[PDB]
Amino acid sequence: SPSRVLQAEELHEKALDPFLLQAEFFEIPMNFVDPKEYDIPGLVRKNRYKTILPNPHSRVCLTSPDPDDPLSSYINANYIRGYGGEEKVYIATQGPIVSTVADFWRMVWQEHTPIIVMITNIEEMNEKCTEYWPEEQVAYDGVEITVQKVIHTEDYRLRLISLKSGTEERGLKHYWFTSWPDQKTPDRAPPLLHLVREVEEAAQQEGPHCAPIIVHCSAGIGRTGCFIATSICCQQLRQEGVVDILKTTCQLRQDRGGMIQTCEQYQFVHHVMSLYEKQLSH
């Protein structure tokens, strides 16, 4: 796997060299999936983008309501390895569309997902994501979703949610980040880093072997990949005192084609990690 281990000084300088960054970035294979892989009638209606498909080896398959129906069992989502290759730390998925809102909640229930991270600005709720949570309460497929509390913070809005299906009840935290920048300049890094830290602590609070954290945006690759890469690299920096964004990005691409879609995104991850290193070093 490609690797570029950055110590502090090289990290700071690397984040500020857009020519080297793009040279490096555009040699990472996208690892997109051949559409022939999901040539099933009606399956196209379940995808936002025809070219952005879940790699089959890591695809999340839905086991209800009909596991013998390839359409019913399909969602555009992949399991994503975390730091050190830990399996199923995240699920990367597309923002639900009207026809997949119920599927999304089926995934949440099936995977026991305790945390969702939504990276969509309020302005983008017309294009990039269908509002899939209730004002108070809604049910899809025997799982009742109840919003118990909304907590507005500067860098995100956190919904505390209860999921009930049958006799059993589970908690869920929905983190909605609304500060995704147009220009991915270093001044815009702190809120993303803060989100990353908040979510990683929430995850530790779930105890051993936390169920997959769902992360989405519109396609489930760009901003989603930035968030996951940053999360992984924060653990790497703390443990190893270095970051290897190149290796991490390559690992993510193995799990889901296109993770970190643009060079601006790739650079932004470097800005965030440079920021975090500075914070740690002081």
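Throughout, we count residues from 1 along the sequence that is shown. So that the term is clear: the rigid core is the largest set of C-alpha atoms that superpose within 1.5 Å between two forms.
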Core-aligned CA RMS in 7 other deposited structures of this protein: between 81 to 89 and 129 to 137 the higher one is 129 to 137
Comparing mean C-alpha B factor in the record for 236 to 244 and 27 to 35, the higher one is 27 to 35
Comparing mean C-alpha B factor in the record for 223 to 231 and 37 to 45, the higher one is 37 to 45
Based on the PDB entry, the highest CA temperature factor among the options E111, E131, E201, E87 is that of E131
Residue set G95, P208, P212, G166, per-entry CA B-factor max assigned to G166
In terms of its chain's C-alpha B-factors, the third that includes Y140 is the highest
Quick tally, chain-level thirds of C-alpha B-factors: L172 sits in the middle
For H152, the third of its chain by CA B-factor is the highest
For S58, the third of its chain by CA B-factor is the lowest
Quick tally, chain-level thirds of C-alpha B-factors: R256 sits in the lowest
